[PDB]
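So this first bit is one chain, no partners, the form solved without the named molecule, shown in structure tokens.
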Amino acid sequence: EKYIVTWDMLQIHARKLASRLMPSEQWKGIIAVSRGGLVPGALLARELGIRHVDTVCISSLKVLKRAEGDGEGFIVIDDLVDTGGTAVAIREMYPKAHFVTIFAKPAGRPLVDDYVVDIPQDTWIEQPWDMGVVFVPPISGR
């Protein structure tokens, strides 16, 4: 299937994830996995009152940029987790961080500490930053 994630829905899932991260005081900062985790990370930062937001950039492996530390007291966030991605690398670099994602495919579940929505292994997900509102012809030309 093709799972469409709209801006409003991503915000709903993010607020639900933020609620599970309370109390906010247990966190010192947030490390967003670029580029997928940037928007979810910004939403979490807004909800938790956290201003210390950093990034970790990894082309597949090549660490372009890395937030310092072991992730203790930090939340590391990405948009989706599955097998064959960068989840293992993230856990090795920040073994002390709380790793969360918005979405998770079956194979990615054991790689994160928490997530919001379950996605079937076979489902393609379209994120809002990759879409736009445009004219769509009607299904029937009647």
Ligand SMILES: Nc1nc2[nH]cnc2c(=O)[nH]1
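Rigid core here is just the name for the largest C-alpha set that superposes within 1.5 Å across the two forms. Residues that one form lacks are left out of the comparison. Just count from 1 along the sequence shown to find any residue number.
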From residue 60 on to residue 61, does the model leave out none, 1 to 3, 4 to 9, or 10 or more residues of the deposited sequence? 4 to 9
Mean C-alpha temperature factor, higher of 115-123 and 21-29: 115-123
Averaging only over Cα atoms, indicate whether 126-134 or 7-15 has the higher B-factor in the PDB entry. 126-134
Using the entry's values, work out which of 46, 35, 98, 66 has the largest Cα B factor. 66
Among the modelled residues of this chain, does the Cα B factor of residue 73 put it in the lowest, middle or highest third? middle
Quick check on the deposited entry: does the C-alpha B-factor of residue 56 sit in the lowest, middle or highest third of its chain? middle
Would you mind ranking residue 102 by its C-alpha B-factor against the rest of the chain and naming the third, lowest, middle or highest? lowest
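Only in words, not in the display: the form solved in complex with the named molecule, which the text now covers.
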Between the named molecule and 82, 124 and 130, in the deposited bound form, does every residue show a non-hydrogen atom at 4.5 Å or closer? yes
Please determine whether residue 98 contacts the named molecule in the deposited bound form, using a 4.5 Å cut-off between heavy atoms. no
The named molecule contact in the deposited bound form: residue 105, any heavy atom under 4.5 Å: yes
Pull up the moving segments between the shown form and the other one: at least three consecutive residues, every CA shifted by 2 Å or more, rigid core held fixed. 140-142
